[PDB]
DNA sequence: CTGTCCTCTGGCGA
DNA sequence: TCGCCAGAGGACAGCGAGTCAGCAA
RNA sequence: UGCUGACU
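Residue numbers (my numbering), protein chains in the order written: chain A, 894 to 1583; chain B, 34 to 290; chain C, 1282 to 1338; chain D, 19 to 78; chain E, 2 to 96; chain F, 9 to 118; chain G, 2 to 59.
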């Protein structure tokens, strides 16, 4: 579906039709699904994701005179564009047709209602006007939403437009999907420049990219040291901090040292260098002074208090919680789940170190995901809201420190004193493209984030909403290995559509059938279903040996240890649910089962991703004929015929929708591309856009 | 790095070369081993060496020499590495065993294998306080870079049978390392005039600079030849004369100016 | 290309679709025959190996 | 109770390394037992039989 | 001194059941009695197996009826693994 | 293959539950010297609190405590359900009862 | 025969060179041996292998 | 990224 | 008993030409 | 002056 009604051979009797010029009743729907990832991401970022972003937003308490004041942001709301104040007449709405005639930004009003209290018994809810945030064109906060092609012609619009862009000074910036490592998945890496991080570090380590509700991202690295010990590197505000593990594990969980140990030796309970190295982690740095959860939190609090910039009246135990909440495993609410996830990433470094597992290439799309326009927008919005709080209360603390009793008279005159901020910062990220942030947003790139979308042709324009940039830093590299066109980008990136000069292999384009996931679902009844299917909870009684069992993960949270002879049936049952839309399994969950043999293959286990930024692509599910959607990592463990008569009985689990599914939208406009040599189809793709 | 000496074309030389090739290849403790058996503060170790059926054929080794190697070099490099770790942590069987423990204060007694290295273990003990871990890691990271015996710089030889059609009878003893003097002893097995190497710093040290000029020129020519390109010799002559102007092979780079 | 000359090309292409097992096997120096799954396992081992010079062979 | 040689058994954390004869009571709950364990922990382990070895690999 | 667990004020010790002679230690130690640990999904209705012959070894599919709908449950039976949950029973010997 | 006839005599009101204990630090070498005390919340009116229970185990050297609420309450008590089967070998009948699993842990206070 | 780095096209992490081919498939077609010509075009997998080689060149 | 250049850097018989 | 053969990492400095445009600080 | 595109 969504690829039915695809023409079988082209026609010419549509031109020369008695109805050629009559504007149609509804828009095309195939052209609409091109910029769909740019619009459905913003729709979340601005309505459902903004509430979550402001919900984290720790209440900004600080000291005034001898008083402590708390300010929390209860809601933030962005309004469609409109004539400034009422100083104008006859039409409140403001349609993108202008700001292209004039040269201006299509910007909506962002306003929040802060709530300031003095010890929690004196309080008043003021509604400040934060600033102006740019708006996408058909984005639910725009005035051209829900307009048929005929009504879209009386406002001067294309009658076939799909916006997915911003108008910053009338220039139509087109923020494009950048490539991120992955989200909520531990990638074991062998990078030789890591041993320079300290005296005894090795070139082994599992990295994790954590994202919470699309508003926060953080990168944490577990490093292996030659002694058998594991360190944890976290970054706060662009500074790298190294905490021995054990300090982290004891803080997160009030469990005995033996129970923490019994967890990090789950699958290798016969190995003795490991058993000895786990004990060195628990005793060597933690029986040295701190043996209760609080003392660990207290010691960790004192060392990190200075650089976490915590409140002075905060107990050290409270400053430790601040570090764990804001720097390690942002995605998981619990501290018990954060412990089990740090334990599986370590259990994996021990397997990479002992050569029982294969390093995950960071440059394979198996271990890659995309950064959409809504993730960048919210992740900047949230950071700027926190900065606004900080600046208003800088002004507060600095003005007078004077008898707030009567000073409740100018409280609004105070908040407005710094509410003059949030507007120009936002336009810089859009007009210039480069990012000025205290934390780089867990991004790794600070330029080329937004680019000009130029309508030289409609094949230059349509290729800005299907571009995927490996990164802007890779344009400066001696080695060329992020330019290799690996066989794992089959159906997800076009082989032919790549710039053919300095940007080659770095700027790719999605195939016609590929698509970005953007929906958000409940995923709460899934952990309770996995247990009905045969999984045994992380708590215990695996029924086997922890080595003949698969570690089940679901979006960063380890459900735990499906038996080894139940993993295949569980994966097939879960795949049948998603295909037939049973249970509540999202139609796009990736049920992956990386089998385990004795060979140094990728680390075994049943993963189940359902996050909102992975690439998926349709394939005709044989044995059901029900048009499944598979992902970049789920496609490596399944056979997908292309033509029929290539389908076999045991082989050919799936089948592809059309034979030319592999090629991009532009590469599908080249006639007979099969009989030309390939460097020529790469120049045709670049010449059809000039 | 490489070498190529023609083989002298005499019946005796052809026979001696087989032994020569088998003599210069490196044999390393790790290339001759089956598996270790480490027990652990009293750390025992049995090496369990390979049978001669499939490694003596092209390595020219004998078991007494191999085992004697463990007694005098490996079993003391082992204590050397144990100290490397512990400095920053906080009728006839009899004479051999005795001299060996005369020199070290940790070992107790090894074994003997009167029948083709049947069971050859050792025992150590540090009784007071040492970091008892899977020290197999150390005794395995060390049993790889431990080589029985090798000519310095040569990693393997090989006789590429034919190199000519005009006088097809030519034989060449190519090598994948570089040690010029360690071939001078075979001036009757191999032709030491016609010796060639791609090093140009080693030639410049054994034969002089006027002999390195021609190696430079021939190297540039053979680099261009693999692509069919052919630069005129009058250019390489000038480049080699400038590089070797002041008596040494000087680089054509930022430190040459 | 002449017909009656594309028939030979087609038969040669058909013959070329049977030369993988022998090639790989006789390059792993495996028993000359009787192994049809030991060869896949040996190829997998050579592929996940550390040195990776029995794979280039 | 069935925790081996580095933990407290009754309690939870892991004991310290041996110096004086008595089990080294932990910084918390210093109860002591089995000053020196009965048998020194003995370990049976060896290497692999494909690459290091020229044996076990005549054919296969 | 062992800091003795101190019961919070909102909790009270539950007396043993002298009306429970079933889970009595005596009943459970009978030569013809075997104890089994059963783990099931949270939504599992044990009544759906009433009268049905659950296996004591291996793996078997057992069919159950709940609310008119047929359910099939894979039942895995095993040898107790060291470290499994221990059943507590009232004992007259323990005061 | 040996099989048993399944019967859920179970709990009369479901108020009745058996008690399973698991120790976080392994197996107790001498479970015979342990005294277990089960504590229940006095608040029977609050559905949330009425099922809160504490299990305490006292030894000569240490105390263990398990709870079915709060951080110590673990996921397995809900995602999965635990039962105890009492098999009569002679009759081949298995009586099945609801069980509550307590994860036991050591006691110390500053 | 397609050759990227002087070697055949690389395999995935599971042992298959392309989603269409079984893992560790012996046929030369699975290793980049293109028997098609530009006269009568090359099927979709050979077009991908040819694209990896043309991109290696650029 | 890769190379030289550079700056040390403590370690056994004379 | 520390000088010189060996031995280690750290630092720096290079990374093809030449064009055209826009946008923004 | 810089970042984005682009040409051989």
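The beta-carbon is built from N, C-alpha and C at its ideal position, and this holds for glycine as well.
**Beta bridge counterpart(s) of residue 60/E as assigned by DSSP** = 77/E
**Message:** I'd like to know whether the C-beta atoms of residue 943/A and residue 1336/A end up nearer to each other than 8 Å.
**Reply:** no
**Asked** Is the distance from the Cβ of residue 1421/A to the Cβ of residue 43/E below 8 Å?
**Response** yes
**Item:** Cα-Cα separation between residue 1247/A and residue 64/D, rounded to whole angstroms
**Value:** 14 Å
**Asked** Counting contacts by CB-CB distance shorter than 8 Å, is residue 1432/A in contact with chain F?
**Response** yes
**Prompt:** Using DSSP with H/G/I as helix, E/B as strand and the rest coil, what is residue 1557/A?
**Reply:** strand
**Prompt:** From residue 1552/A to residue 1295/C, what distance separates their C-alpha atoms?
**Reply:** 23 Å
**Prompt:** Exposed or buried, which one is residue 80/B when buried takes at least 16 other CB atoms within 10 Å?
**Reply:** Label assigned to residue 80/B: buried.
**Item:** Status (buried if at least 16 other CB within 10 Å, exposed otherwise) for residue 60/E
**Value:** exposed
**Sequence-distant residues of its chain with Cβ nearer than 6 Å to residue 1183/A (five each side left out)** = A distance below 6 Å between beta-carbons, with the five flanking residues on each side excluded, links residue 1183/A to the following residues of its chain, in chain order: 1189 and 1192.
**Message:** Any beta carbon from chain G within less than 8 Å of residue 1534/A's own beta carbon?
**Reply:** yes
**Request:** Taking only runs that begin and end inside the stretch 1182-1229 of chain A, name each unbroken alpha helix (DSSP H) of 4 or more residues, in chain order.
**Result:** 1186-1201 and 1209-1220
**Request:** Would you mind stating whether residue 1035/A and residue 1046/A have Cβ atoms separated by less than 8 Å?
**Result:** no
**Listed by chain order, chain F residues near residue 8/E by CB distance under 9 Å** = 45, 47, 62 and 64
**Asked** Relative to the alpha-carbon of residue 39/B, which residue among 200/B, 139/B and 152/B has its alpha-carbon at the smallest distance?
**Response** 200/B
**Request:** Classify residue 1289/A as buried or exposed, calling it buried when 16 or more other Cβ atoms lie within 10 Å of its own Cβ.
**Result:** Residue 1289/A is buried by the Cβ-count criterion.
**Prompt:** Which of helix, strand or coil does DSSP assign to residue 1128/A?
**Reply:** strand
**Item:** DSSP state of residue 971/A mapped onto helix, strand, coil
**Value:** strand
**Presumed contact (8 Å Cβ cut-off) between residue 1256/A and residue 1374/A, rounded CB distance** = 6 Å
**Request:** Could you please give me the residues that DSSP links to residue 1486/A through a beta bridge?
**Result:** 1499/A
**Prompt:** Counting only beta-carbon atoms, is residue 55/D nearer than 8 Å to chain A?
**Reply:** no
**Prompt:** So with Cβ pairs under 8 Å, would you call residue 71/F a contact of chain A?
**Reply:** So no, residue 71/F is outside the interface.
**Prompt:** Under the three-state reduction of DSSP, which class applies to residue 12/G: helix, strand or coil?
**Reply:** coil
**Request:** Measure how close the beta-carbons of residue 1242/A and residue 1097/A come, nearest whole angstrom, since I'm counting them as under 8 Å.
**Result:** 6 Å
**Prompt:** Count the other CB atoms within 10 Å of the CB of residue 1471/A; is the residue buried (16 or more) or exposed (fewer)?
**Reply:** Flag for residue 1471/A reads buried.
**Asked** For residue 1093/A versus residue 1115/A, is the C-beta spacing smaller than 8 Å?
**Response** no
**Request:** Give a yes or no on whether the C-beta atoms belonging to residue 1137/A and residue 1082/A are separated by under 8 Å.
**Result:** no
**Prompt:** Does residue 27/G come within less than 8 Å of chain C when only Cβ atoms are used?
**Reply:** yes
**Message:** Taking the beta strand (DSSP E) that residue 90/F belongs to, which residues open and close that run?
**Reply:** 88-96
**Message:** Below 7 Å on C-beta distance, what does residue 43/G contact in chain A?
**Reply:** 1567
**Message:** Taking its Cβ as the centre, do 16 or more other Cβ atoms sit within 10 Å of residue 76/F, making it buried, or is it exposed?
**Reply:** buried
**Asked** In whole angstroms, what is the alpha-carbon distance linking residue 8/G and residue 33/G?
**Response** Answer to the nearest angstrom: the Cα atoms are 10 Å apart.
**Asked** If you draw a straight line from the alpha carbon of residue 152/B to that of residue 100/B, how long is it in whole angstroms?
**Response** 11 Å
**Request:** Would you list the residues sitting across from residue 1540/A in a DSSP beta bridge?
**Result:** Residue 1540/A is not bridged to any residue.
**Asked** Going by Cα to Cα distance, which pick from 36/E, 22/E and 54/E is closest to residue 9/F?
**Response** Of 36/E, 22/E and 54/E, the residue nearest in Cα terms is 54/E.
**Message:** What I want to know is whether the C-beta of residue 1579/A ends up closer than 7 Å to one or more non-hydrogen atoms of the ligand ADP.
**Reply:** This structure lacks the ligand ADP; in fact it carries no ligand of any kind.
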